[PDB]
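Chemist: Have a look at the structure that comes next, please.
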Amino acid sequence: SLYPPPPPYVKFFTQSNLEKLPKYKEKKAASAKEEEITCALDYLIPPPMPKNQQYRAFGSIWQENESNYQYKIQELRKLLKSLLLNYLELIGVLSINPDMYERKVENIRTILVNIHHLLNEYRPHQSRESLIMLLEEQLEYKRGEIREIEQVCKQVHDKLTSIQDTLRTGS
Amino acid sequence: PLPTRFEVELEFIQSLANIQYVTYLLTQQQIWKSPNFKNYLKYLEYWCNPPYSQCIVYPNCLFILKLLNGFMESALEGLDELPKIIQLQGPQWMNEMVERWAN
Amino acid sequence: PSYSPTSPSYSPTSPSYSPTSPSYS
Amino acid sequence: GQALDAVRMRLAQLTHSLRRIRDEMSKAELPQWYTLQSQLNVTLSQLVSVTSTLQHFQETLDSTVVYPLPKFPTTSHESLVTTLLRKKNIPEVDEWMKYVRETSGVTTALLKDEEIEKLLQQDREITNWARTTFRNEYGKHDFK
Amino acid sequence: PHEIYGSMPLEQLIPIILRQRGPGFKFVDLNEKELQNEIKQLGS
Amino acid sequence: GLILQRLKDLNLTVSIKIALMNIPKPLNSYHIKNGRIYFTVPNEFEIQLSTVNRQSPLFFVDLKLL
Amino acid sequence: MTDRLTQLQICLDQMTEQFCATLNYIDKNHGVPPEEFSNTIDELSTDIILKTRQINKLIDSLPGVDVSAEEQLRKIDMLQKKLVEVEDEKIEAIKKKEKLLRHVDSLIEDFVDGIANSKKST
Amino acid sequence: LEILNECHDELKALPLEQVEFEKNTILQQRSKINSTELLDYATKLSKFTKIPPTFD
């Protein structure tokens with residue numbers, strides 16, 4: 001069908017199984033002093049984390065104070081200059097002998113791809129740095145809130161003192 | 001190879017986020033009538049803590065199951081209103097999820 | 001003429017019961 | 001179109017009567033019993049007329065082929081189209097139907113000329129006999 | 001929990017108190033001695 | 001939970017409002033309590049009043065017969 | 001505000017689109033009068049040069065682009081520290097502000113009572 | 001007296017204890033969770049939450 005059937009073990013655990021789970025796990029721990037399914041109550045025991053700390057799904061694999069970059073900058077500048085130079089040479093190829101133009105085209109793309117690889121390694125280095133730009137925005141917002149609070153209560157205190165002087169003069 | 005129970009339970013949890021899946025599951029009488037399914041739903045509650053929460057793909061179901069948790073003391077009745085209510089309350093529920101995680 | 005028209009009694013909240021099954025190829 | 005037009009007007013008046021009985025039941029205070037009986041009988045006999053007229057013009061309704069308008073936009077009104085163009089019973093009617101099949105033992109796709117046919121013939125005769133018996137009983141005593 | 005109570009203006013607190021105390025009981029019928037009374041019971 | 005200081009502010013507002021108006025001598029017997037003001041004319045009545053705002057006029061709250 | 005990263009991605013997408021449009025114009029126009037074609041291409045090349053210079057002035061302006069992320073990490077840590085002390089200081093500031101506001105409420109009440117019992121004294 | 005009364009009211013409008021519990025909750029919530037898992041989860045949601053302009 002369109003919707004896959006519920007998992008099979010779901011139907012094994014009634015309320016009686018839930019209430020008898022404590023004594024079952026106590027007995028299992030006493031006896032113990034891929035997990036084989038010898039009893040229907042085994043699944044409620046929390047599954048163990050794999051030792052490899054890896055998870056595979058759909059053909060893909062998955063697994064501290066925040067809680068030479070100049071070399072990478074100059075490499076990206078020279079790569080951009082070389083990319084412009086290669087674009088000029090490739091368009092010249094199109095001008096004179098376009099029949100073999102593709103021979104350079106993908107080459108240029110490789111450089112673009114290498115710039116994209118630098119810009120990929122650069123993500124775990126920008127994504128966390130978003131929390132930094134957030135840091136200064138809430139910090140400056142709270143400083144503005146604080147400063148307008150001592151300002152307003154100081155101007156209230158000044159008004160009170162002026163009133164006190166006015167009433168003392170009228171005495 | 002045969003996937004482990006981790007993979008199937010995680011995929012079930014992430015598929016629970018679909019409104020069509022929830023409507024289909026609640027359409028059948030014996031799914032809600034059987035206490036086994038709700039017992040499994042309450043068993044699934046323990047994934048809201050790390051490091052299990054780091055393995056989720058769509059955080060919305062995190063509330064949905066919790067919302068489904070509410071369904072055991074709110075009633076089946078209300079099944080018809082489920083798509084409308086999720087569409088209407090998506091903004092504030094997304095905001096509260098962001099407050100729970102992004103802050 | 002027409003004494004009174006009918007009040008709109010639409011029920012969009014009705015969930016419908018369309019059976020879906022031939023999805024797998 | 002004439003048959004569907006009559007179907008339309010009669011269904012419209014039936015819906016009007018339903019709206020009536022609705023807005024006189026929605027009041028916090030229940031009216032007198034007799035008014036409720038009158039409304040019930042009128043609306044229910046009107047439903048009977050609806051059923052009979054629907055039964056009369058089955059051929060005109062069957063001949064008609066449903067097609068959406070060229071001017072009607074489905075991109076924006078697909079929900080409205082799918083509200084109207086789906087027609088399954090409420091589940092409590094289909095499970096009632098299944099419970100009625102199970103309780104009666106009736107099932108109508110394999111029946112053939114053996115025991116059920118001799119039972120079918122042996123049922124006709126009780127009805128005719130009872131009708132004749134009650135005609136005789138009515139004739140026995142002068143009711144005029 | 002108290003940050004909602006302590007951040008709403010009185011114009012919205014009054015209907016909240018009215019609905020909490022039910023119909024008929026006005027928002028001003030509460031007695032200060034009575035108030036510290038139920039405060040004492042709820043503090044236990 | 002702000003109820004105590006809201007009632008105190010209501011009592012203060014009622015007191016200043018009745019200070020605004022020249023109360024009659026037969027109404028000199030007044031009491032202030034729980035955001036309410038009590039005027040008890042013996043063998044006549046006991047009227048309890050309050051106000052919502054300093055600019056808003058007083059409104060009837062409660063009455064008791066003596 | 002818009003993030004330096006998002007602007008850099010918009011800029012490189014616009015640069016790619018500009019190159020695609022320029023080469024499309026070259027491919028579909030080679031053969032238009034030579035003077036108009038040359039003028040349009042000069043405009044396109046000026047656009048290329050300008051896009052290149054915004055690229056250069058944006059990639060060197062990522063804040064801390066030449067700063068190693070670990071001193072980014074001590075500065076962040078000490079930022080949360082001094083933050084902890086600044087909300088602490090705000091907690092004493094607001095508590096003593098409430099204390100003076102309560103002192104102000106008490107003298108208001110005393111003065112109001114004095115007015116009331118003075119104007120009803122006679 | 002009137003004007004100082006509205007000064008008192010507006011000062012009371014700006015917040016006491018509720019703000020300090022909220023700041024506390026922020027501090028233990030931040031201390032409990034490590035930044036590595038948060039950054040990994042943010043990177044993994046960057047593709048899903050952020051709708052690309054080229055997704056037809």
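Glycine gets a Cβ as well: all are built from the backbone with ideal geometry, and neighbour counts include every protein chain shown. Throughout, read-outs are computed from the coordinates displayed, never taken from laboratory work.
Chemist: State to the nearest 20 debye the size of the charge dipole of segment B:22-103 about its Cα centre, where the only charges are +1 on K and R beta carbons and -1 on D and E beta carbons.
Modeler: Magnitude of the dipole: close to 220 debye.
Chemist: For a bin width of 20 Å, list the pair-distance distribution of the protein assembly as shown built from all Cα-Cα distances, rounded to whole %.
Modeler: The percentages, shortest bin first, are 9, 24, 30, 25, 10, 2, 0.
Chemist: Please go through the residue pairs G:28/H:50; A:27/B:33; A:51/B:42; B:38/H:47; A:142/G:97; A:142/G:75 and name each one whose alpha carbons sit more than 25 Å apart in this structure.
Modeler: In this structure, G:28/H:50; A:27/B:33; A:51/B:42; B:38/H:47 exceed 25 Å between Cα atoms.
Chemist: Give the average, rounded to an integer, of partner chain Cβ atoms located within 10 angstrom of each Cβ in F:1-10.
Modeler: Across F:1-10, the average partner-chain Cβ count within 10 Å equals 6.
Chemist: Above 18 Å lies some portion of the pair distances; for chain E, what is it as a whole percent of all C-alpha pairs?
Modeler: Counting pairs separated by more than 18 Å, the tail of P(r) holds 41 percent.
Chemist: Here's a follow-up. In whole Hz and in residue order, list the ³J(HN,Hα) couplings for segment D:129-134 that follow from phi through the Karplus curve 6.51 cos²θ - 1.76 cosθ + 1.60, θ = phi - 60°; x for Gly and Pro.
Modeler: Here the 3J(HN,Hα) series is 4, 5, 4, 5, 4, 6 Hz.
Chemist: Here's a follow-up. Rounded to the nearest 10 degrees, what's the angle between the helix D:33-56 long axis and the longest principal axis of chain D, both from Cα atoms, 0 to 90?
Modeler: So the inclination is approximately 90 degrees.
Chemist: Just order D:81-89, G:95-103 by mean Cβ neighbour count inside 10 Å, highest at the front, would you?
Modeler: Highest mean packing first, the order is G:95-103, D:81-89.
Chemist: Something else now. How far, in nm, would the chain grow between residue G:40 and residue G:117 when pulled straight, counting 0.36 nm per residue and subtracting the alpha carbon separation?
Modeler: Difference between extended and current length: 18.6 nm.
Chemist: Each label point is 7 Å from the Cα along the Cα-to-Cβ direction; what then is the distance between the points at residue G:14 and residue D:79, in nm?
Modeler: In this crude spin-label approximation the distance works out to 3.8 nm.
Chemist: Same structure again: Based on the Cβ-Cβ distance of residue G:99 and residue A:133, what FRET efficiency does E = 1/(1 + (r/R0)^6) give at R0 = 45 Å, to the nearest 0.05? Numbers along the way, then the final one.
Modeler: Values: r = 38 Å, r/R0 = 0.84.
It comes to 0.75.
Chemist: Which Cα, out of F:1, D:80, A:10, lies furthest along the positive dipole direction of the protein assembly as shown (beta carbon charges, K/R +1, D/E -1)?
Modeler: F:1
Chemist: Grab the beta carbon distance between residue A:79 and residue D:46, set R0 = 60 Å, and tell me the FRET efficiency rounded to 0.05.
Modeler: It comes to 0.10.
Chemist: Sum -39500 (n - 2.57) across every DSSP H segment of at least 4 residues in the protein assembly as shown, then divide by the residue count to get the 222 nm mean residue ellipticity, nearest 500.
Modeler: Helix contribution divided over all residues of the protein assembly as shown: -21500 deg cm²/dmol.
Chemist: Right, something else. For the Cα atoms of chain F, what angle does the longest principal axis make with the long axis of helix F:3-20, in degrees from 0 to 90, nearest 10?
Modeler: Orientation of helix F:3-20: about 50 degrees from the principal axis.
Chemist: Starting from the 7 Å offset along Cα-to-Cβ, what nm value, one decimal, do you get for the label separation of residue H:22 and residue D:132?
Modeler: Using points 7 Å along Cα→Cβ, the separation is 9.3 nm.
Chemist: Relative to the compact globular guide of 2.2 N^0.38 Å, what is the alpha carbon radius of gyration of segment D:1-95, as a ratio?
Modeler: Values: Rg = 17.9 Å, N = 95, 2.2 N^0.38 = 12.4 Å.
This ratio for segment D:1-95 stands at 1.44.
Chemist: Sticking with this one: At 7 Å along the Cα-to-beta-carbon direction for both residue A:60 and residue A:14, put a label point, then send me their distance in nm to one decimal.
Modeler: Distance between the two pseudo-spin positions: 4.3 nm.
Chemist: Would you kindly derive the ³J(HN,Hα) couplings of segment A:128-145 from the backbone phi angles with the Karplus curve 6.51 cos²θ - 1.76 cosθ + 1.60 (θ = phi - 60°), listing them in order in whole Hz, with x for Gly and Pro?
Modeler: Karplus values, whole Hz, x for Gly and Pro: 4, 5, 4, 4, 5, 4, 5, 4, 5, 5, 5, 4, 5, 5, 5, 4, x, 4.
Chemist: Can you tell me the FRET efficiency between residue B:48 and residue F:5 if r is taken as the Cβ-Cβ distance and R0 is 51 Å, rounded to the nearest 0.05? Let's see the in-between values first.
Modeler: Values: r = 39 Å, r/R0 = 0.76.
Here the calculated transfer efficiency is 0.85.
Chemist: Averaged across the residues of B:3-11, what count of C-beta atoms belonging to other chains lies within 10 Å of each residue's C-beta?
Modeler: Mean number of neighbouring Cβ atoms from other chains: 4.
Chemist: Once phi is turned into ³J(HN,Hα) by the Karplus curve 6.51 cos²θ - 1.76 cosθ + 1.60 with θ = phi - 60°, what whole-Hz value does each residue of segment D:103-111 show in order, with x for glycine and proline?
Modeler: Going residue by residue, I get 5, 7, x, 6, 7, 10, 9, 9, 6 Hz, with x marking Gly and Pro.
Chemist: Next question. Please compute, for peptide B:49-62, the average count of beta-carbon atoms on other protein chains lying within 10 Å of each residue's beta-carbon. Intermediate values should be presented prior to the final figure.
Modeler: Details: counts 0, 5, 3, 2, 2, 8, 5, 3, 5, 2, 4, 0, 0, 0.
Neighbouring Cβ atoms belonging to other protein chains average 3 per residue here.
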